[PDB]
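**Student:** First piece of the complex, coordinates kept as in the full assembly:
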Amino acid sequence: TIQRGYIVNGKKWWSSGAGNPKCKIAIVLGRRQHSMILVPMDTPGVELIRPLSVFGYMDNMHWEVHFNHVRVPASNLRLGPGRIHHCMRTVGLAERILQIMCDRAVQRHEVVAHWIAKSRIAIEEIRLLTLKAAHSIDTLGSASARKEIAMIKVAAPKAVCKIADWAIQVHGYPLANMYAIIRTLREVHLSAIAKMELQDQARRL
């Protein structure tokens, strides 16, 4: 609730980076009810509830937040670059994972070679998609690249998780942290892409 000064009483969840000692500001876009208002965490009514663990890693480098009727002044009141960078970092992680798995395979069959080849193919395809989306954002404005953004949001995590699984299978180590990150970062976007594709086909005809 962001009901009108204005009061914001509600319960947060999965708020990444909420446990840092140097975390003061906080941006909440809560209930055309979309109205994002800054809320300092030192204000009364804000209190961290409990830490959330993913696969048993505390992720010291996901504490729940509760906002019980915080009083803030009216003064205290997009996704393209974020998605692009969040896909590029994952691509780099997958490249490092593939390097590690190749080195381990050499140090210690046909199936491992097939796994390496498939991983390289997937990495190249995902990198090309990410760069195409970034260039589309750069050149032809930022409102004409939602389709590519949804596409890179769909494609990358599945192939990267598959690569991580193949690597940890070959291993039978930093790869643990990479798998943790890839699993943490892991189907409505497919419906959105289908809607956009149908609209495009209707427009073309």
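**Tutor:** Structure received. Numbering: from 1, shown residues only, chains lettered A, B, ... in the order given.

**Student:** doesn't residue A:132 fall inside a helix?
**Tutor:** Yes. Assessed by DSSP: H, G, I helix; E, B strand; the rest coil, residue A:132 belongs to a helix.

**Student:** give me every residue that touches it.
**Tutor:** residue A:148 (CB atoms under 8 Å, 6 or more residues apart in numbering). (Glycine included, C-beta is placed from N, CA and C.)

**Student:** Check the gap between it and residue A:66 for me.
**Tutor:** 42 Å (CB to CB, to the nearest Å).

**Student:** now residue A:200
**Tutor:** Using CB to CB, one gets 43 Å for the distance from residue A:200 to residue A:66.

**Student:** out of these two, which sits in the more crowded spot?
**Tutor:** More crowded of residue A:200 and residue A:66, by other CB atoms under 10 Å: residue A:66, with 15 against 11.

**Student:** Cross-check the contact I'm expecting between that one and residue A:41.
**Tutor:** No. Applying CB atoms under 8 Å as the test, residue A:66 and residue A:41 come out as separate, 11.3 Å apart.

**Student:** wait, isn't residue A:104 in contact with residue A:172?
**Tutor:** No. With contact defined as CB under 8 Å, residue A:104 does not count as touching residue A:172 (9.3 Å).

**Student:** can you give me the strands in chain A?
**Tutor:** For chain A, the strands defined by DSSP state E cover A:6-11, A:27-30, A:35-38, A:46-48, A:65-72.

**Student:** buried ones in the last one?
**Tutor:** When you say that, I think you mean strand A:65-72. Within strand A:65-72, the residues that count as buried by 16 or more other CB atoms under 10 Å are A:65, A:67, A:70, A:72.

**Student:** and the angle from that strand to strand A:6-11?
**Tutor:** Going by axes from the mean of the first three to the mean of the last three CA atoms, to 10 degrees, strand A:65-72 is angled at 170 degrees with respect to strand A:6-11.

**Student:** Does anything pack onto strand A:65-72? Which helices or strands?
**Tutor:** Counting by 3 or more CB pairs under 8 Å, 6 or more residues apart in numbering; DSSP states H and E, the packing neighbours recorded for strand A:65-72 are strand A:6-11, strand A:46-48.

**Student:** can you list those strands in TSV and add mean neighbour count and distance to residue A:34?
**Tutor:** Output for the helices and strands packed on strand A:65-72, formatted as TSV (neighbours: other CB atoms under 10 Å; distance: least, CB to CB, whole Å):
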stretch	mean neighbour count	distance to residue A:34
strand A:6-11	16	14
strand A:46-48	15	21
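
**Student:** go ahead and place chain B:
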Amino acid sequence: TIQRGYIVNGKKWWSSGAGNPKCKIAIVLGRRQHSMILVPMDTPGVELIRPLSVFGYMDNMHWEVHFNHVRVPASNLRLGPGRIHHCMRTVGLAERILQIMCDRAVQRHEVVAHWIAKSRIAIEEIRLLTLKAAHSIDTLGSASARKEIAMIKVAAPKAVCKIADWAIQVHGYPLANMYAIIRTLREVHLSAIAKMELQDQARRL
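**Tutor:** If we add chain B to the chains shown above, we get the following:
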């Protein structure tokens, strides 16, 4: 090394259940070099090295073992039932996971229904395979059921891991422990099955 009393100097790894305070006996089948000899853990030279963590779970319910020239007398010197039970327990775990996922899906689309149906199909097929292998062991001796044992060793973990992934995806809880167990319990058996199948085809002709 189990070289001939006899001395057994070597390093163990991934020894499950080695950290229990009530763990005294130990069976090691080390270097027709297959000669399994009991080795009490209180004997000099046996010392636990470090605990092994899988996905960041200590599994209180995998400490490394080191045997540095343990002196034991000569007095101190199959897999079918083990594989059958290890597949049956996994099948039961998958059934409970499917029950939990169905209850959560009801409490909170077509894709979830498709996931439920596929999970049920896989569970039924795996249960049938396990029961067939067990009955083959029971009736026609224990030396004529290696093929089915390898088959159940191949089939079950993949489908059960897929079911666990679908469940944790639907969830967006005991399921964490189930996923931990299914991942911990997760390709040479395929080659063995191919060899046995080729031998059977050659014999039939």
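
**Student:** near chain B, which residues of chain A?
**Tutor:** Contacts of chain A with chain B, taken as CB under 8 Å from any CB of the partner chain, map to A:55-57, A:111, A:180, A:187.

**Student:** Quick check, the residue in chain A closest to chain B?
**Tutor:** In chain A, the residue that lies nearest chain B is residue A:56 (3.9 Å; CB to the nearest CB).

**Student:** Who's the closest spatial neighbour of that residue, skipping the chain neighbours?
**Tutor:** residue B:56 (3.9 Å; CB to CB, 6 or more residues apart in numbering or on different chains).

**Student:** How many residues are close by the one you found?
**Tutor:** 14 (other CB atoms under 10 Å in any protein chain shown).

**Student:** who's in contact with it?
**Tutor:** Residue B:56 makes contact with A:55-57, A:180, according to CB atoms under 8 Å, 6 or more residues apart in numbering or on different chains.

**Student:** ok, now residue A:78?
**Tutor:** Counting by CB under 8 Å, 6+ apart, residue A:78 has contacts residue A:142.

**Student:** One more: the one 3 residues further on?
**Tutor:** For residue A:81, the set of contacting residues under the criterion of CB under 8 Å, 6+ apart consists of residue A:137.

**Student:** Check the contact between residue A:42 and residue A:25; I expect there is one.
**Tutor:** No. Using CB under 8 Å, residue A:42 is not in contact with residue A:25, being 9.9 Å away.

**Student:** Narrow the contacts of residue B:56 to those that are buried.
**Tutor:** A:55, A:57, A:180 (16 or more other CB atoms under 10 Å in any protein chain shown).

**Student:** List just the nearest of these to residue B:127.
**Tutor:** Residue B:127 lies nearest to residue A:55 out of those, by CB to CB, at 28.4 Å.

**Student:** Name the nearest residue to the closest one, sequence neighbours excluded.
**Tutor:** Among residues not flanking residue A:55 along the chain, residue B:55 sits closest, at 5.6 Å (CB to CB, 6+ apart).

**Student:** now the one you found: how far from residue B:185?
**Tutor:** 12 Å.

**Student:** Next: residue A:187.
**Tutor:** Following CB to CB, the distance that separates residue A:187 from residue B:185 is 27 Å.

**Student:** In terms of neighbours, single out the busier of the two.
**Tutor:** Shown here are residue A:187 and residue B:185; by other CB under 10 Å, residue B:185 has more neighbours (16 against 9).

**Student:** what sits against the more buried one?
**Tutor:** B:86, B:90, B:157.
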